[PDB]
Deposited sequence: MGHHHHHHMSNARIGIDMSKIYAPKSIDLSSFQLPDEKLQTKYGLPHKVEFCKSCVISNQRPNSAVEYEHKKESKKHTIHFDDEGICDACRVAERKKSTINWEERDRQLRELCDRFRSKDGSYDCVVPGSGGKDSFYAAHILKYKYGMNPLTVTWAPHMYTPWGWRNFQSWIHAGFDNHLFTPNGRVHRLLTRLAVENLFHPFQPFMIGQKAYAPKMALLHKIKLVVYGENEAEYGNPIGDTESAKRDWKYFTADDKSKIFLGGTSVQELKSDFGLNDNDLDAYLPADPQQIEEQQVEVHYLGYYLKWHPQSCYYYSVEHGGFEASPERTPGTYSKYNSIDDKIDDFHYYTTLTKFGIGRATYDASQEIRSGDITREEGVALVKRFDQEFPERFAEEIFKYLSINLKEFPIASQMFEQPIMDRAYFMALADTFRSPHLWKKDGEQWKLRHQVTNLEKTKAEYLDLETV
């Protein structure tokens, strides 16, 4: 039985996303606590000492910066190279489907002065795992994120680079390192012990025509090798005050970063996560499953940053959160389609291998919980509201 929907009284987020005694999410408390307790000058000195520790004296890379060429990864790599005198190799786990602006931003990243190693996993395997994750979990990104989180550490192992810097805030407030990942390497020995897109590796090979090579790209970094090679993952948001709007204007100035030419569906923003077309369906699934769409996440980030008030947040959520993303829907349906030509085995496992709109909407219904949705000739039972 699911929890009754309550909204946080600082941001516009709900308790459904996968609160304290004043009804405030941990996220608002961490942001507000950081906006008093953090001395950014002494964090700047810690960054300069970390760079001194790792900076390469020869012509080798001293730094791995993962990212898609979005405003955050652009800021991270650009400030590490041209302000802290680092030599980052940039590395990209490929999106499902490049947006035009997303591809231009990836190129602008490279053309700001960076080598880039882009890994694009087997497109057939990726589509099958994405379709399975949509069918089983209504979570297209589930397999993708397993590969993404593994990629940068594995790339540091391959190029024998020790330092990995993510252009985002730390996972644990106060700690610039993350290290938990070892539990991913164990998850194994058995058939139905490991899972991918809500399907066991055993049944992927058994029934969907996959082999162990098709899954090599998704395996986590070997923790023995990580420890052995002294690979350290750092979060640049620990060391530098991370402000998305600042990263946008910085990336426009120094890189020619291009915002989405039109408003991102489901939200009001134009420069948050704009490289992957399937991003649209990701926020539709979370909306369907948890009653909170993309405008909720964007407005919550902007309320904590101090760029908007909770009242403007509530107005934006009300206007945009329930918008369906039509622009790429048809390409995405084709991407999710498991045809006989490309998938001689896997295609037969699906009742409707070729996805259309009606099938996707029917599938969405099966993830729409009646404690969040009531029909109107659908509508949220509970929308975020302004404070009393």
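Unmodelled regions of the deposited sequence, numbered from residue 1: 1-44, 63-80, 242, 251-253, 444-445, 457-468.
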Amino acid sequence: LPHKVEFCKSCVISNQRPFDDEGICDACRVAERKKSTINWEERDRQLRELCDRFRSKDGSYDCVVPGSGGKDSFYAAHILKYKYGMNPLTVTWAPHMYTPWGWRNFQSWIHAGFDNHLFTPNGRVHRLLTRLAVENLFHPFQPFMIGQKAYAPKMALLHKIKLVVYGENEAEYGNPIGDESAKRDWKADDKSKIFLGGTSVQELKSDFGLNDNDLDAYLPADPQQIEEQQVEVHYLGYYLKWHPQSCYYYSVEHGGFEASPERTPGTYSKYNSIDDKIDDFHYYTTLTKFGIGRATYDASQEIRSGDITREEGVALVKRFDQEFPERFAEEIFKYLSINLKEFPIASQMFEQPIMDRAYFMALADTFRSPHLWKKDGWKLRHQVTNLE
From here on, numbers count along this sequence of modelled residues.
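Set 225-233 against 245-253 and average the Cα temperature factors; 225-233 ends up higher. Across the two stretches, 191-199 and 264-272, the PDB entry reports the greater mean Cα temperature factor for 191-199. Taking the deposited Cα B-factors for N105, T285, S206, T130, the highest one is held by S206. Out of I110, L157, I177, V164, it is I177 whose C-alpha atom has the highest B-factor in the PDB entry. Among the modelled residues of its chain, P325 has a C-alpha B-factor that falls in the middle third according to the deposited record. Annotation for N87: C-alpha temperature factor in the middle third relative to the rest of the modelled chain, per the entry. In the PDB entry, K71 places in the lowest third of its chain by CA B-factor.
Sorting the modelled residues of the chain by their CA temperature factor places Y335 in the lowest third.
Compared with the other modelled residues of the chain, the Cα B-factor recorded for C63 ranks in the middle third.
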